[PDB]
>>> print(open('data01.cif').read())   # mmCIF, C-alpha atoms and all ligand atoms
data_coords
#
loop_
_atom_site.label_atom_id
_atom_site.label_comp_id
_atom_site.auth_asym_id
_atom_site.auth_seq_id
_atom_site.Cartn_x
_atom_site.Cartn_y
_atom_site.Cartn_z
CA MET A 1 107.06 119.43 75.30
CA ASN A 2 105.16 117.93 78.23
CA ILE A 3 104.82 118.68 81.94
CA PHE A 4 107.79 116.49 82.86
CA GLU A 5 110.16 118.27 80.47
CA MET A 6 108.84 121.67 81.56
CA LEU A 7 109.44 121.03 85.26
CA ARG A 8 112.82 119.41 84.63
CA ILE A 9 113.94 122.61 82.89
CA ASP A 10 112.60 124.80 85.70
CA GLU A 11 113.92 122.72 88.62
CA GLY A 12 117.16 121.16 87.42
CA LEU A 13 118.56 117.98 88.91
CA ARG A 14 120.80 117.54 91.96
CA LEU A 15 121.56 114.16 93.52
CA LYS A 16 122.61 115.47 96.94
CA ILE A 17 120.58 117.54 99.39
CA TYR A 18 120.56 121.21 98.47
CA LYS A 19 118.69 124.34 99.51
CA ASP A 20 115.97 125.86 97.35
CA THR A 21 115.51 129.61 96.76
CA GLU A 22 113.81 130.03 100.16
CA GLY A 23 116.49 128.00 101.96
CA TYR A 24 114.57 124.72 102.36
CA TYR A 25 116.24 121.33 102.10
CA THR A 26 115.48 119.78 98.71
CA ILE A 27 116.77 116.95 96.53
CA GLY A 28 116.40 115.56 93.05
CA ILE A 29 114.16 117.49 90.68
CA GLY A 30 112.89 120.03 93.19
CA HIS A 31 111.61 117.55 95.78
CA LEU A 32 111.09 119.43 99.06
CA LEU A 33 112.23 117.35 102.02
CA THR A 34 111.41 119.58 104.99
CA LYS A 35 111.11 123.20 106.05
CA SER A 36 112.94 122.40 109.28
CA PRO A 37 116.43 123.94 109.65
CA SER A 38 117.76 120.52 110.71
CA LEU A 39 119.84 118.70 108.11
CA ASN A 40 119.33 115.54 110.17
CA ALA A 41 115.57 115.96 109.78
CA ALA A 42 116.04 116.30 106.02
CA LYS A 43 118.18 113.16 105.86
CA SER A 44 115.53 111.22 107.79
CA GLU A 45 112.80 112.42 105.42
CA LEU A 46 114.97 111.32 102.48
CA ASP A 47 115.52 107.80 103.84
CA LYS A 48 111.78 107.46 104.50
CA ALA A 49 110.92 108.62 100.97
CA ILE A 50 113.43 106.35 99.20
CA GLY A 51 113.29 103.26 101.43
CA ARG A 52 116.99 102.90 102.23
CA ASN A 53 119.83 104.61 104.10
CA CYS A 54 120.88 107.25 101.55
CA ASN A 55 123.17 109.44 103.67
CA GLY A 56 121.90 112.43 101.70
CA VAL A 57 122.61 111.11 98.17
CA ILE A 58 120.30 109.41 95.66
CA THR A 59 120.58 107.87 92.20
CA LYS A 60 119.24 109.36 88.99
CA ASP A 61 116.63 106.58 88.87
CA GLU A 62 115.50 107.45 92.40
CA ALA A 63 115.28 111.14 91.49
CA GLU A 64 113.10 110.33 88.47
CA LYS A 65 110.72 108.16 90.48
CA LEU A 66 110.36 110.85 93.16
CA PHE A 67 109.67 113.36 90.38
CA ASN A 68 106.97 111.21 88.74
CA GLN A 69 105.29 110.80 92.13
CA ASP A 70 105.46 114.55 92.81
CA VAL A 71 103.91 115.46 89.44
CA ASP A 72 101.15 112.89 89.95
CA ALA A 73 100.46 114.31 93.42
CA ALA A 74 100.23 117.84 92.01
CA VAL A 75 97.68 116.75 89.40
CA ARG A 76 95.65 114.79 91.93
CA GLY A 77 95.65 117.77 94.29
CA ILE A 78 94.23 120.02 91.57
CA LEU A 79 91.51 117.49 90.76
CA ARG A 80 90.46 117.14 94.41
CA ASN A 81 90.38 120.90 95.08
CA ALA A 82 86.99 122.53 94.53
CA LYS A 83 88.58 125.91 93.69
CA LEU A 84 91.27 124.65 91.30
CA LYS A 85 89.46 121.85 89.45
CA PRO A 86 86.96 124.01 87.49
CA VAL A 87 89.77 126.27 86.28
CA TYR A 88 91.98 123.35 85.31
CA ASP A 89 89.17 121.65 83.39
CA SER A 90 88.55 124.87 81.43
CA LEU A 91 92.15 125.09 80.15
CA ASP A 92 93.72 123.56 77.05
CA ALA A 93 96.59 121.09 77.41
CA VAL A 94 99.46 123.60 77.26
CA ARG A 95 97.89 125.95 79.80
CA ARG A 96 97.14 122.97 82.06
CA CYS A 97 100.91 122.40 82.26
CA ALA A 98 101.38 125.96 83.53
CA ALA A 99 98.79 125.27 86.24
CA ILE A 100 100.55 122.07 87.34
CA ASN A 101 103.86 123.96 87.39
CA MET A 102 102.46 126.55 89.83
CA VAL A 103 101.02 123.90 92.15
CA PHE A 104 104.31 121.97 92.05
CA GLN A 105 106.22 125.08 93.14
CA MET A 106 103.83 126.64 95.70
CA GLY A 107 101.43 123.87 96.71
CA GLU A 108 97.68 123.48 96.40
CA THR A 109 96.99 126.08 99.10
CA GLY A 110 99.40 128.67 97.69
CA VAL A 111 97.87 128.62 94.21
CA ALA A 112 94.34 128.66 95.64
CA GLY A 113 95.22 132.12 96.98
CA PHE A 114 95.53 133.46 93.41
CA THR A 115 91.71 133.75 93.34
CA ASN A 116 91.50 136.77 91.04
CA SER A 117 93.99 135.33 88.56
CA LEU A 118 92.13 132.01 88.53
CA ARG A 119 88.83 133.70 87.66
CA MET A 120 90.47 135.59 84.79
CA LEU A 121 92.01 132.36 83.47
CA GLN A 122 88.63 130.61 83.61
CA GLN A 123 87.16 133.50 81.59
CA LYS A 124 90.03 133.22 79.07
CA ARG A 125 91.12 136.82 79.69
CA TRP A 126 94.74 135.92 79.01
CA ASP A 127 96.39 139.36 78.95
CA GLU A 128 94.57 140.49 82.10
CA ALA A 129 95.41 137.25 83.90
CA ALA A 130 99.08 137.65 82.94
CA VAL A 131 99.29 141.12 84.52
CA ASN A 132 97.42 139.95 87.60
CA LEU A 133 99.70 136.90 88.03
CA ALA A 134 102.79 139.14 87.90
CA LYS A 135 101.49 141.28 90.80
CA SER A 136 102.63 138.70 93.31
CA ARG A 137 105.40 137.79 95.73
CA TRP A 138 105.92 134.79 93.43
CA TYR A 139 106.91 136.98 90.50
CA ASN A 140 109.02 139.30 92.66
CA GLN A 141 111.03 136.45 94.21
CA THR A 142 111.38 134.06 91.22
CA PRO A 143 110.83 136.35 88.22
CA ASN A 144 112.37 134.22 85.48
CA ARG A 145 110.42 131.11 86.50
CA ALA A 146 107.27 133.21 86.85
CA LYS A 147 107.81 134.88 83.46
CA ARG A 148 108.06 131.49 81.74
CA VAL A 149 104.91 130.17 83.41
CA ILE A 150 102.96 133.39 82.84
CA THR A 151 103.99 133.46 79.16
CA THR A 152 102.67 129.90 78.85
CA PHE A 153 99.31 130.94 80.34
CA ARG A 154 99.20 134.05 78.16
CA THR A 155 100.01 132.45 74.80
CA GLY A 156 99.13 128.77 75.15
CA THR A 157 102.47 127.93 73.50
CA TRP A 158 105.83 126.56 74.63
CA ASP A 159 107.64 129.64 73.30
CA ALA A 160 109.07 130.59 76.70
CA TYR A 161 110.76 127.18 76.96
CA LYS A 162 111.90 126.96 73.34
CL CL B 1 113.72 132.84 88.85
#
>>> encode(input="data01.cif", output="C-alpha cells", more="lines below")
Ligand SMILES: [Cl-]
Amino acid sequence: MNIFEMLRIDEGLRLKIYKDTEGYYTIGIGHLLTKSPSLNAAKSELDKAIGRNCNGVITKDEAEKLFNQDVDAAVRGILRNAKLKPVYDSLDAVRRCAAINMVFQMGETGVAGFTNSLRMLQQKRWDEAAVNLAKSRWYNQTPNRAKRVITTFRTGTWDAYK
C-alpha cells in the first residue's frame, strides 16, 4: 500500500462533477473545485485546472494527473507548515500516509487545529491520540473514513484498508 492507493480507496473516482459529503463541487479523485454554489463557477475552475473546455467531464488520465498534483501539494503543505512538519518528521512511513490523508481531506489549516492530537502523535501516545482524534466533527461527520485513518495512526499498519 502507498498514499496513492490509500486515497484512491477513500475518495473513489468520478469523471463528471459531483458533490462531496458537504455539498461542494468536486471531480476526479476527490478534487475540490469550488465551495461556491454555482455550477458555472465549478465548470470554469475545471477548465482552468485541465487546460481545455471540458463541459464538466474529464478523462481518467486527467483525473490521475490532478490527483498526483493534489497529493504533492498536500505533502508540500505539511513540509512548509511549522506546526505540522515536526510531527510529520517524527512519524514512520505508514503513519505519515495517515497524516497526508487528513491534510488532503481537510486542508493544512483544518489539520493544524488538531493541536492536542498532534502533540500526542509526536509523543507516540498512539491509543491516547486515537481517542482524541475521534472527539471531532471530522469523526462525527465521516466516521468510516475517520476510523480507517485513526486505525492507521494507532497501529502503524494497513489493516484498516486490507
Ligand atoms: Cl465516512
>>> residues_near_ligand(input="data01.cif", ligand="ligand CL 1 (chain B)", cutoff="10 Å", atoms="all atoms listed in the file", output="list in words")
residues 10, 21, 138, 139, 140, 141, 142, 143, 144, 145, 146, 147 and 148 of chain A
>>> write_last_selection(input="data01.cif", atoms="C-alpha atoms", output="PDB file, keeping the file's coordinate frame")
ATOM      1  CA  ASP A  10     112.600 124.800  85.700  1.00  0.00           C
ATOM      2  CA  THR A  21     115.510 129.610  96.760  1.00  0.00           C
ATOM      3  CA  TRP A 138     105.920 134.790  93.430  1.00  0.00           C
ATOM      4  CA  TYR A 139     106.910 136.980  90.500  1.00  0.00           C
ATOM      5  CA  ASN A 140     109.020 139.300  92.660  1.00  0.00           C
ATOM      6  CA  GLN A 141     111.030 136.450  94.210  1.00  0.00           C
ATOM      7  CA  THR A 142     111.380 134.060  91.220  1.00  0.00           C
ATOM      8  CA  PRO A 143     110.830 136.350  88.220  1.00  0.00           C
ATOM      9  CA  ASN A 144     112.370 134.220  85.480  1.00  0.00           C
ATOM     10  CA  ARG A 145     110.420 131.110  86.500  1.00  0.00           C
ATOM     11  CA  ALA A 146     107.270 133.210  86.850  1.00  0.00           C
ATOM     12  CA  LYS A 147     107.810 134.880  83.460  1.00  0.00           C
ATOM     13  CA  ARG A 148     108.060 131.490  81.740  1.00  0.00           C
TER      14      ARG A 148
END
>>> closest_residue(input="data01.cif", among="A:17, A:93, A:121, A:79", to="residue 41 in chain A", atoms="only C-alpha atoms")
A:17
>>> residues_around(input="data01.cif", residues="residue 75 in chain A", least_positions_apart="6", cutoff="10 Å", atoms="all atoms listed in the file", output="VMD selection string")
chain A and resid 85 88 96 to 97 99 to 101 103 to 104 108
>>> closest_residue(input="data01.cif", among="A:47, A:62, A:70, A:128", to="residue 30 in chain A", atoms="all atoms listed in the file")
A:70
>>> residues_around(input="data01.cif", residues="residue 98 in chain A", least_positions_apart="4", cutoff="12 Å", atoms="all atoms listed in the file", output="PDB file with C-alpha atoms, in the coordinates of the input")
ATOM      1  CA  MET A   1     107.060 119.430  75.300  1.00  0.00           C
ATOM      2  CA  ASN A   2     105.160 117.930  78.230  1.00  0.00           C
ATOM      3  CA  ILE A   3     104.820 118.680  81.940  1.00  0.00           C
ATOM      4  CA  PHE A   4     107.790 116.490  82.860  1.00  0.00           C
ATOM      5  CA  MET A   6     108.840 121.670  81.560  1.00  0.00           C
ATOM      6  CA  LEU A   7     109.440 121.030  85.260  1.00  0.00           C
ATOM      7  CA  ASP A  10     112.600 124.800  85.700  1.00  0.00           C
ATOM      8  CA  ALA A  74     100.230 117.840  92.010  1.00  0.00           C
ATOM      9  CA  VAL A  75      97.680 116.750  89.400  1.00  0.00           C
ATOM     10  CA  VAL A  87      89.770 126.270  86.280  1.00  0.00           C
ATOM     11  CA  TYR A  88      91.980 123.350  85.310  1.00  0.00           C
ATOM     12  CA  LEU A  91      92.150 125.090  80.150  1.00  0.00           C
ATOM     13  CA  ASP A  92      93.720 123.560  77.050  1.00  0.00           C
ATOM     14  CA  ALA A  93      96.590 121.090  77.410  1.00  0.00           C
ATOM     15  CA  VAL A  94      99.460 123.600  77.260  1.00  0.00           C
ATOM     16  CA  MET A 102     102.460 126.550  89.830  1.00  0.00           C
ATOM     17  CA  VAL A 103     101.020 123.900  92.150  1.00  0.00           C
ATOM     18  CA  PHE A 104     104.310 121.970  92.050  1.00  0.00           C
ATOM     19  CA  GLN A 105     106.220 125.080  93.140  1.00  0.00           C
ATOM     20  CA  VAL A 111      97.870 128.620  94.210  1.00  0.00           C
ATOM     21  CA  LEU A 121      92.010 132.360  83.470  1.00  0.00           C
ATOM     22  CA  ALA A 130      99.080 137.650  82.940  1.00  0.00           C
ATOM     23  CA  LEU A 133      99.700 136.900  88.030  1.00  0.00           C
ATOM     24  CA  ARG A 145     110.420 131.110  86.500  1.00  0.00           C
ATOM     25  CA  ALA A 146     107.270 133.210  86.850  1.00  0.00           C
ATOM     26  CA  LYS A 147     107.810 134.880  83.460  1.00  0.00           C
ATOM     27  CA  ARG A 148     108.060 131.490  81.740  1.00  0.00           C
ATOM     28  CA  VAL A 149     104.910 130.170  83.410  1.00  0.00           C
ATOM     29  CA  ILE A 150     102.960 133.390  82.840  1.00  0.00           C
ATOM     30  CA  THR A 151     103.990 133.460  79.160  1.00  0.00           C
ATOM     31  CA  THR A 152     102.670 129.900  78.850  1.00  0.00           C
ATOM     32  CA  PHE A 153      99.310 130.940  80.340  1.00  0.00           C
ATOM     33  CA  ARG A 154      99.200 134.050  78.160  1.00  0.00           C
ATOM     34  CA  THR A 155     100.010 132.450  74.800  1.00  0.00           C
ATOM     35  CA  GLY A 156      99.130 128.770  75.150  1.00  0.00           C
ATOM     36  CA  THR A 157     102.470 127.930  73.500  1.00  0.00           C
ATOM     37  CA  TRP A 158     105.830 126.560  74.630  1.00  0.00           C
ATOM     38  CA  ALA A 160     109.070 130.590  76.700  1.00  0.00           C
ATOM     39  CA  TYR A 161     110.760 127.180  76.960  1.00  0.00           C
TER      40      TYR A 161
END
>>> atom_distance(input="data01.cif", atom1="CA of residue 23 in chain A", atom2="CA of residue 5 in chain A")
24.4 Å
>>> closest_residue(input="data01.cif", among="A:95, A:124, A:14, A:119", to="residue 63 in chain A", atoms="only C-alpha atoms")
A:14
>>> atom_distance(input="data01.cif", atom1="CA of residue 25 in chain A", atom2="CA of residue 38 in chain A")
8.8 Å
